[PDB]
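> One file is attached below, query-v4.cif, containing mmCIF, N, CA and C atoms.
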data_protein
loop_
_atom_site.group_PDB
_atom_site.id
_atom_site.type_symbol
_atom_site.label_atom_id
_atom_site.label_comp_id
_atom_site.auth_asym_id
_atom_site.auth_seq_id
_atom_site.Cartn_x
_atom_site.Cartn_y
_atom_site.Cartn_z
ATOM 1 N N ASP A 1 -21.067 10.788 -12.433
ATOM 2 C CA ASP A 1 -21.321 11.787 -13.503
ATOM 3 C C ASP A 1 -20.034 12.152 -14.234
ATOM 4 N N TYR A 2 -20.132 13.108 -15.154
ATOM 5 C CA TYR A 2 -18.977 13.554 -15.929
ATOM 6 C C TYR A 2 -18.339 12.389 -16.680
ATOM 7 N N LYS A 3 -17.133 12.612 -17.194
ATOM 8 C CA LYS A 3 -16.414 11.581 -17.935
ATOM 9 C C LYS A 3 -15.512 10.774 -17.008
ATOM 10 N N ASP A 4 -15.438 11.193 -15.749
ATOM 11 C CA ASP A 4 -14.610 10.510 -14.761
ATOM 12 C C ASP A 4 -15.137 9.104 -14.489
ATOM 13 N N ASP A 5 -16.454 8.946 -14.572
ATOM 14 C CA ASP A 5 -17.086 7.652 -14.334
ATOM 15 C C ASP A 5 -16.927 6.738 -15.546
ATOM 16 N N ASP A 6 -16.712 7.340 -16.711
ATOM 17 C CA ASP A 6 -16.543 6.581 -17.945
ATOM 18 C C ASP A 6 -15.289 5.714 -17.885
ATOM 19 N N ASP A 7 -14.288 6.181 -17.144
ATOM 20 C CA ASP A 7 -13.034 5.449 -17.004
ATOM 21 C C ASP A 7 -12.934 4.802 -15.626
ATOM 22 N N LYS A 8 -12.361 3.603 -15.582
ATOM 23 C CA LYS A 8 -12.203 2.877 -14.327
ATOM 24 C C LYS A 8 -10.754 2.914 -13.857
ATOM 25 N N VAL A 9 -10.549 2.674 -12.564
ATOM 26 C CA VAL A 9 -9.209 2.682 -11.988
ATOM 27 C C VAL A 9 -8.988 1.463 -11.097
ATOM 28 N N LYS A 10 -7.728 1.061 -10.957
ATOM 29 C CA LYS A 10 -7.380 -0.089 -10.132
ATOM 30 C C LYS A 10 -7.106 0.337 -8.694
ATOM 31 N N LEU A 11 -7.784 -0.310 -7.751
ATOM 32 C CA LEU A 11 -7.614 0.003 -6.336
ATOM 33 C C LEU A 11 -7.046 -1.192 -5.578
ATOM 34 N N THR A 12 -7.079 -2.360 -6.213
ATOM 35 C CA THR A 12 -6.567 -3.579 -5.598
ATOM 36 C C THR A 12 -5.076 -3.747 -5.867
ATOM 37 N N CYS A 13 -4.285 -3.762 -4.799
ATOM 38 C CA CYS A 13 -2.839 -3.916 -4.917
ATOM 39 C C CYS A 13 -2.230 -4.374 -3.596
ATOM 40 N N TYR A 14 -2.786 -5.443 -3.034
ATOM 41 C CA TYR A 14 -2.300 -5.983 -1.770
ATOM 42 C C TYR A 14 -1.625 -7.335 -1.979
ATOM 43 N N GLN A 15 -0.803 -7.736 -1.013
ATOM 44 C CA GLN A 15 -0.096 -9.010 -1.091
ATOM 45 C C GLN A 15 0.155 -9.578 0.302
ATOM 46 N N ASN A 16 -0.561 -10.646 0.637
ATOM 47 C CA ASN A 16 -0.416 -11.287 1.939
ATOM 48 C C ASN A 16 0.910 -12.035 2.032
ATOM 49 N N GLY A 17 1.860 -11.455 2.759
ATOM 50 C CA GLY A 17 3.161 -12.081 2.913
ATOM 51 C C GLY A 17 3.709 -11.942 4.319
ATOM 52 N N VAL A 18 4.246 -10.766 4.629
ATOM 53 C CA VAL A 18 4.810 -10.507 5.949
ATOM 54 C C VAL A 18 4.770 -9.020 6.284
ATOM 55 N N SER A 19 4.616 -8.712 7.568
ATOM 56 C CA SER A 19 4.572 -7.327 8.020
ATOM 57 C C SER A 19 5.938 -6.671 7.854
ATOM 58 N N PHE A 20 6.102 -5.482 8.425
ATOM 59 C CA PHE A 20 7.370 -4.766 8.329
ATOM 60 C C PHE A 20 7.709 -4.059 9.634
ATOM 61 N N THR A 21 9.004 -3.880 9.876
ATOM 62 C CA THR A 21 9.472 -3.217 11.087
ATOM 63 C C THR A 21 10.941 -2.826 10.965
ATOM 64 N N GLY A 22 11.421 -2.050 11.930
ATOM 65 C CA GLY A 22 12.805 -1.616 11.918
ATOM 66 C C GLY A 22 13.120 -0.710 10.742
ATOM 67 N N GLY A 23 12.081 -0.287 10.027
ATOM 68 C CA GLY A 23 12.271 0.583 8.882
ATOM 69 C C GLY A 23 12.131 2.049 9.237
ATOM 70 N N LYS A 24 11.877 2.876 8.229
ATOM 71 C CA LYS A 24 11.721 4.311 8.438
ATOM 72 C C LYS A 24 10.299 4.760 8.113
ATOM 73 N N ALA A 25 9.321 4.133 8.762
ATOM 74 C CA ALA A 25 7.919 4.472 8.544
ATOM 75 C C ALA A 25 7.660 5.939 8.860
ATOM 76 N N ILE A 26 6.909 6.606 7.989
ATOM 77 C CA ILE A 26 6.588 8.015 8.188
ATOM 78 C C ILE A 26 5.152 8.180 8.670
ATOM 79 N N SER A 27 4.396 7.089 8.625
ATOM 80 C CA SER A 27 3.004 7.096 9.059
ATOM 81 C C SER A 27 2.433 5.685 9.055
ATOM 82 N N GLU A 28 1.665 5.363 10.089
ATOM 83 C CA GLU A 28 1.055 4.044 10.208
ATOM 84 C C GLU A 28 -0.407 4.166 10.622
ATOM 85 N N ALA A 29 -1.244 3.289 10.083
ATOM 86 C CA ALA A 29 -2.668 3.302 10.397
ATOM 87 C C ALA A 29 -3.052 2.109 11.264
ATOM 88 N N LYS A 30 -4.298 2.100 11.730
ATOM 89 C CA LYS A 30 -4.795 1.017 12.571
ATOM 90 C C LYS A 30 -6.015 0.359 11.936
ATOM 91 N N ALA A 31 -5.876 -0.033 10.673
ATOM 92 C CA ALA A 31 -6.966 -0.671 9.944
ATOM 93 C C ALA A 31 -6.826 -2.189 9.960
ATOM 94 N N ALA A 32 -7.780 -2.871 9.333
ATOM 95 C CA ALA A 32 -7.765 -4.327 9.268
ATOM 96 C C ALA A 32 -7.459 -4.807 7.854
ATOM 97 N N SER A 33 -7.832 -3.997 6.868
ATOM 98 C CA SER A 33 -7.596 -4.334 5.469
ATOM 99 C C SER A 33 -6.744 -3.265 4.791
ATOM 100 N N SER A 34 -5.837 -3.701 3.923
ATOM 101 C CA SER A 34 -4.956 -2.783 3.208
ATOM 102 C C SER A 34 -5.757 -1.711 2.479
ATOM 103 N N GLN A 35 -6.995 -2.043 2.124
ATOM 104 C CA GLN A 35 -7.866 -1.109 1.424
ATOM 105 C C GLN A 35 -7.936 0.218 2.172
ATOM 106 N N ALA A 36 -8.230 0.142 3.464
ATOM 107 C CA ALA A 36 -8.316 1.334 4.297
ATOM 108 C C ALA A 36 -6.961 2.024 4.383
ATOM 109 N N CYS A 37 -5.898 1.228 4.306
ATOM 110 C CA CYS A 37 -4.542 1.752 4.368
ATOM 111 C C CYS A 37 -4.184 2.477 3.076
ATOM 112 N N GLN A 38 -4.884 2.130 2.000
ATOM 113 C CA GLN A 38 -4.647 2.749 0.703
ATOM 114 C C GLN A 38 -5.302 4.124 0.638
ATOM 115 N N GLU A 39 -6.490 4.232 1.225
ATOM 116 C CA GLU A 39 -7.227 5.490 1.239
ATOM 117 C C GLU A 39 -6.535 6.520 2.125
ATOM 118 N N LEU A 40 -5.973 6.058 3.239
ATOM 119 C CA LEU A 40 -5.279 6.945 4.165
ATOM 120 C C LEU A 40 -3.930 7.363 3.588
ATOM 121 N N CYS A 41 -3.278 6.433 2.898
ATOM 122 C CA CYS A 41 -1.982 6.703 2.287
ATOM 123 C C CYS A 41 -2.131 7.700 1.143
ATOM 124 N N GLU A 42 -3.285 7.662 0.482
ATOM 125 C CA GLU A 42 -3.560 8.564 -0.629
ATOM 126 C C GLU A 42 -3.566 10.012 -0.156
ATOM 127 N N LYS A 43 -3.999 10.221 1.082
ATOM 128 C CA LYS A 43 -4.053 11.559 1.659
ATOM 129 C C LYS A 43 -2.654 12.058 2.003
ATOM 130 N N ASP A 44 -1.709 11.128 2.103
ATOM 131 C CA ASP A 44 -0.329 11.469 2.426
ATOM 132 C C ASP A 44 0.522 11.548 1.162
ATOM 133 N N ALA A 45 1.240 12.655 1.007
ATOM 134 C CA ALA A 45 2.096 12.854 -0.157
ATOM 135 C C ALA A 45 3.500 12.316 0.094
ATOM 136 N N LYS A 46 3.632 11.478 1.117
ATOM 137 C CA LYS A 46 4.921 10.892 1.464
ATOM 138 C C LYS A 46 4.843 9.369 1.473
ATOM 139 N N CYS A 47 3.720 8.837 1.003
ATOM 140 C CA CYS A 47 3.520 7.392 0.958
ATOM 141 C C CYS A 47 3.723 6.856 -0.456
ATOM 142 N N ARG A 48 4.297 5.662 -0.550
ATOM 143 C CA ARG A 48 4.547 5.030 -1.840
ATOM 144 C C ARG A 48 4.398 3.514 -1.736
ATOM 145 N N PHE A 49 4.970 2.944 -0.679
ATOM 146 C CA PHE A 49 4.902 1.505 -0.454
ATOM 147 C C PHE A 49 4.359 1.204 0.939
ATOM 148 N N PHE A 50 3.041 1.056 1.037
ATOM 149 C CA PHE A 50 2.397 0.768 2.313
ATOM 150 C C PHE A 50 2.710 -0.652 2.777
ATOM 151 N N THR A 51 2.270 -0.981 3.987
ATOM 152 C CA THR A 51 2.500 -2.304 4.556
ATOM 153 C C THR A 51 1.550 -2.569 5.720
ATOM 154 N N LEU A 52 0.466 -3.285 5.440
ATOM 155 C CA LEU A 52 -0.521 -3.610 6.463
ATOM 156 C C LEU A 52 -0.144 -4.898 7.188
ATOM 157 N N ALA A 53 -0.560 -5.004 8.446
ATOM 158 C CA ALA A 53 -0.273 -6.183 9.252
ATOM 159 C C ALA A 53 -1.560 -6.798 9.789
ATOM 160 N N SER A 54 -1.435 -7.582 10.853
ATOM 161 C CA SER A 54 -2.590 -8.231 11.467
ATOM 162 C C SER A 54 -3.674 -7.212 11.804
ATOM 163 N N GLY A 55 -3.275 -5.950 11.932
ATOM 164 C CA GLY A 55 -4.223 -4.898 12.250
ATOM 165 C C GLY A 55 -3.562 -3.540 12.377
ATOM 166 N N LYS A 56 -2.592 -3.273 11.509
ATOM 167 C CA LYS A 56 -1.876 -2.002 11.528
ATOM 168 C C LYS A 56 -1.191 -1.739 10.189
ATOM 169 N N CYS A 57 -1.578 -0.644 9.536
ATOM 170 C CA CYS A 57 -0.998 -0.276 8.248
ATOM 171 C C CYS A 57 0.317 0.471 8.444
ATOM 172 N N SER A 58 1.164 0.459 7.418
ATOM 173 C CA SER A 58 2.452 1.133 7.487
ATOM 174 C C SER A 58 2.874 1.654 6.117
ATOM 175 N N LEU A 59 2.694 2.951 5.892
ATOM 176 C CA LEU A 59 3.075 3.555 4.622
ATOM 177 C C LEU A 59 4.529 4.005 4.671
ATOM 178 N N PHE A 60 5.289 3.657 3.638
ATOM 179 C CA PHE A 60 6.702 4.013 3.576
ATOM 180 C C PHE A 60 7.008 4.857 2.343
ATOM 181 N N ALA A 61 7.839 5.880 2.526
ATOM 182 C CA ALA A 61 8.220 6.763 1.431
ATOM 183 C C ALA A 61 9.284 6.115 0.552
ATOM 184 N N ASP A 62 10.165 5.340 1.177
ATOM 185 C CA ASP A 62 11.235 4.659 0.457
ATOM 186 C C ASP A 62 11.747 3.463 1.251
ATOM 187 N N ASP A 63 12.559 2.632 0.604
ATOM 188 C CA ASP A 63 13.117 1.450 1.252
ATOM 189 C C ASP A 63 14.410 1.793 1.985
ATOM 190 N N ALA A 64 14.597 1.193 3.157
ATOM 191 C CA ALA A 64 15.791 1.433 3.957
ATOM 192 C C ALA A 64 16.235 0.164 4.677
ATOM 193 N N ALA A 65 15.551 -0.160 5.767
ATOM 194 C CA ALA A 65 15.871 -1.348 6.549
ATOM 195 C C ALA A 65 14.605 -2.060 7.012
ATOM 196 N N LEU A 66 13.462 -1.625 6.489
ATOM 197 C CA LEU A 66 12.180 -2.221 6.849
ATOM 198 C C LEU A 66 12.148 -3.704 6.493
ATOM 199 N N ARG A 67 12.318 -4.552 7.502
ATOM 200 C CA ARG A 67 12.310 -5.995 7.298
ATOM 201 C C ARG A 67 11.051 -6.622 7.894
ATOM 202 N N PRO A 68 10.736 -7.871 7.506
ATOM 203 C CA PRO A 68 9.554 -8.581 8.007
ATOM 204 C C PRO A 68 9.667 -8.919 9.490
ATOM 205 N N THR A 69 8.642 -9.581 10.020
ATOM 206 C CA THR A 69 8.625 -9.965 11.426
ATOM 207 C C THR A 69 7.626 -11.091 11.676
ATOM 208 N N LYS A 70 6.528 -11.076 10.927
ATOM 209 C CA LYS A 70 5.494 -12.096 11.066
ATOM 210 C C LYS A 70 4.603 -12.138 9.829
ATOM 211 N N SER A 71 3.883 -13.243 9.663
ATOM 212 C CA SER A 71 2.990 -13.411 8.521
ATOM 213 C C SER A 71 1.545 -13.577 8.979
ATOM 214 N N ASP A 72 1.296 -13.289 10.253
ATOM 215 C CA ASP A 72 -0.044 -13.407 10.816
ATOM 216 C C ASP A 72 -0.959 -12.311 10.279
ATOM 217 N N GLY A 73 -1.642 -12.605 9.176
ATOM 218 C CA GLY A 73 -2.543 -11.636 8.579
ATOM 219 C C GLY A 73 -1.822 -10.393 8.096
ATOM 220 N N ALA A 74 -0.586 -10.569 7.641
ATOM 221 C CA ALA A 74 0.213 -9.453 7.147
ATOM 222 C C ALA A 74 0.030 -9.269 5.645
ATOM 223 N N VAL A 75 -0.347 -8.059 5.244
ATOM 224 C CA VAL A 75 -0.554 -7.752 3.834
ATOM 225 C C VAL A 75 0.150 -6.457 3.445
ATOM 226 N N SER A 76 1.302 -6.586 2.796
ATOM 227 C CA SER A 76 2.074 -5.424 2.368
ATOM 228 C C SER A 76 1.963 -5.220 0.860
ATOM 229 N N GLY A 77 2.301 -4.017 0.405
ATOM 230 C CA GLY A 77 2.232 -3.713 -1.012
ATOM 231 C C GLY A 77 3.256 -2.677 -1.433
ATOM 232 N N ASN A 78 3.223 -2.298 -2.706
ATOM 233 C CA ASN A 78 4.155 -1.309 -3.235
ATOM 234 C C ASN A 78 3.425 -0.272 -4.084
ATOM 235 N N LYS A 79 4.189 0.627 -4.697
ATOM 236 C CA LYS A 79 3.617 1.672 -5.538
ATOM 237 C C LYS A 79 2.974 1.075 -6.785
ATOM 238 N N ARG A 80 3.724 0.229 -7.485
ATOM 239 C CA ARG A 80 3.227 -0.412 -8.698
ATOM 240 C C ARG A 80 2.830 -1.859 -8.425
ATOM 241 N N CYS A 81 1.885 -2.365 -9.209
ATOM 242 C CA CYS A 81 1.415 -3.737 -9.053
ATOM 243 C C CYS A 81 1.810 -4.588 -10.254
ATOM 244 N N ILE A 82 1.344 -4.185 -11.429
ATOM 245 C CA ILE A 82 1.644 -4.905 -12.661
ATOM 246 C C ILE A 82 2.315 -3.991 -13.682
ATOM 247 N N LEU A 83 3.615 -4.186 -13.877
ATOM 248 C CA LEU A 83 4.375 -3.381 -14.826
ATOM 249 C C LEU A 83 5.415 -4.231 -15.549
ATOM 250 N N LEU A 84 5.784 -3.805 -16.754
ATOM 251 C CA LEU A 84 6.770 -4.523 -17.555
ATOM 252 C C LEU A 84 6.351 -5.976 -17.763
ATOM 253 N N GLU A 85 5.398 -6.187 -18.666
ATOM 254 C CA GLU A 85 4.906 -7.529 -18.960
ATOM 255 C C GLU A 85 4.265 -7.582 -20.343
ATOM 256 N N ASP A 86 4.374 -8.735 -20.996
ATOM 257 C CA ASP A 86 3.806 -8.918 -22.326
ATOM 258 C C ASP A 86 2.281 -8.943 -22.268
#
Please re-express this file's structure in structure tokens.


Amino acid sequence: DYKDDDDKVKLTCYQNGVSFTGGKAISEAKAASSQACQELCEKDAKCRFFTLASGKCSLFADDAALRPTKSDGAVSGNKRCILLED
């Protein structure tokens, strides 16, 4: 209802690459898809760049030393998806 439905929003912003560790995670989830990690991160005002793994999400407020560890079903993402492009 309302005019909120008239406009659409982007919810897809995942990237299957590598998990993260050794960083300064402020909160982590136990989901299977980054989608669930996005909804939980939305509730947190300290999340910006989440990072899902084989079965564990990881929302990060900022970059520090969070490095990869494995690519087994690892799907990490960032705040922005598509920016600065023709």

> Can you list, as a ChimeraX atom specification, every protein, DNA or RNA residue that comes within 6 Å of segment 57-65 of chain A when you count only C-alpha atoms, leaving out same-chain residues fewer than 2 positions away?

/A:23,25,27-30,37,46-52,67

> Have a look at atom CA of residue 72 of chain A and atom N of residue 17 of chain A and let me know their distance in Å, one decimal.

8.5 Å

> Could you jot down the atom N of residue 83 of chain A to atom C of residue 16 of chain A separation for me, Å, one decimal place?

17.9 Å

> Tell me, which residues of chain A carry DSSP strand (DSSP E), written as a CSV table (one decimal) with N, CA and C atoms, in the coordinates of the input?


chain,number,residue,atom,x,y,z
A,15,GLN,N,-0.8,-7.7,-1.0
A,15,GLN,CA,-0.1,-9.0,-1.1
A,15,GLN,C,0.2,-9.6,0.3
A,16,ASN,N,-0.6,-10.6,0.6
A,16,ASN,CA,-0.4,-11.3,1.9
A,16,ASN,C,0.9,-12.0,2.0
A,27,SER,N,4.4,7.1,8.6
A,27,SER,CA,3.0,7.1,9.1
A,27,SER,C,2.4,5.7,9.1
A,28,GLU,N,1.7,5.4,10.1
A,28,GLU,CA,1.1,4.0,10.2
A,28,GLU,C,-0.4,4.2,10.6
A,29,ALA,N,-1.2,3.3,10.1
A,29,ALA,CA,-2.7,3.3,10.4
A,29,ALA,C,-3.1,2.1,11.3
A,51,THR,N,2.3,-1.0,4.0
A,51,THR,CA,2.5,-2.3,4.6
A,51,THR,C,1.6,-2.6,5.7
A,52,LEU,N,0.5,-3.3,5.4
A,52,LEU,CA,-0.5,-3.6,6.5
A,52,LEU,C,-0.1,-4.9,7.2
A,57,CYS,N,-1.6,-0.6,9.5
A,57,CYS,CA,-1.0,-0.3,8.2
A,57,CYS,C,0.3,0.5,8.4
A,58,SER,N,1.2,0.5,7.4
A,58,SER,CA,2.5,1.1,7.5
A,58,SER,C,2.9,1.7,6.1
A,59,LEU,N,2.7,3.0,5.9
A,59,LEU,CA,3.1,3.6,4.6
A,59,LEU,C,4.5,4.0,4.7
A,75,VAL,N,-0.3,-8.1,5.2
A,75,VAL,CA,-0.6,-7.8,3.8
A,75,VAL,C,0.2,-6.5,3.4
A,76,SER,N,1.3,-6.6,2.8
A,76,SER,CA,2.1,-5.4,2.4
A,76,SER,C,2.0,-5.2,0.9

> Just how far from atom CA of residue 79 of chain A is atom CA of residue 41 of chain A, in Å to one decimal?

10.9 Å

> Starting from the PyMOL selection byres ((chain A and resi 70) around 5), expand the selection into actual residues of this file and give them as a list in words.

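Listing what the PyMOL selection byres ((chain A and resi 70) around 5) selects in the shown file: residues 18, 19, 68, 69, 71 and 72 of chain A.
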
> Using only C-alpha atoms, find the one residue out of A:3, A:56, A:43, A:8 that sits nearest to residue 21 of chain A.

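Ranking A:3, A:56, A:43, A:8 by distance to residue 21 of chain A, first place goes to A:56.
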
> Find, counting all atoms listed in the file, the residue in A:32, A:45, A:53, A:40 that gets nearest to residue 74 of chain A.

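Of all the options, A:53 lies closest to residue 74 of chain A.
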
> So what does the PyMOL selection byres (((chain A and resi 14 and name CA) around 7) and name CA) actually pick up in this one, as a CSV table (one decimal) with N, CA and C atoms, in the coordinates of the input?


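Here's the written file part.csv:
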chain,number,residue,atom,x,y,z
A,12,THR,N,-7.1,-2.4,-6.2
A,12,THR,CA,-6.6,-3.6,-5.6
A,12,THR,C,-5.1,-3.7,-5.9
A,13,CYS,N,-4.3,-3.8,-4.8
A,13,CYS,CA,-2.8,-3.9,-4.9
A,13,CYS,C,-2.2,-4.4,-3.6
A,15,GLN,N,-0.8,-7.7,-1.0
A,15,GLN,CA,-0.1,-9.0,-1.1
A,15,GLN,C,0.2,-9.6,0.3
A,16,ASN,N,-0.6,-10.6,0.6
A,16,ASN,CA,-0.4,-11.3,1.9
A,16,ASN,C,0.9,-12.0,2.0
A,34,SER,N,-5.8,-3.7,3.9
A,34,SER,CA,-5.0,-2.8,3.2
A,34,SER,C,-5.8,-1.7,2.5
A,75,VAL,N,-0.3,-8.1,5.2
A,75,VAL,CA,-0.6,-7.8,3.8
A,75,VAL,C,0.2,-6.5,3.4
A,76,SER,N,1.3,-6.6,2.8
A,76,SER,CA,2.1,-5.4,2.4
A,76,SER,C,2.0,-5.2,0.9
A,77,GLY,N,2.3,-4.0,0.4
A,77,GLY,CA,2.2,-3.7,-1.0
A,77,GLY,C,3.3,-2.7,-1.4

> First collect every listed atom of segment 4-16 of chain A; then fit an axis-aligned box around them, widen it by 3 Å on each side, and give centre and edge lengths in Å to one decimal, as JSON.


{"center_x": -8.1, "center_y": -0.4, "center_z": -8.0, "size_x": 24.0, "size_y": 29.2, "size_z": 26.0}
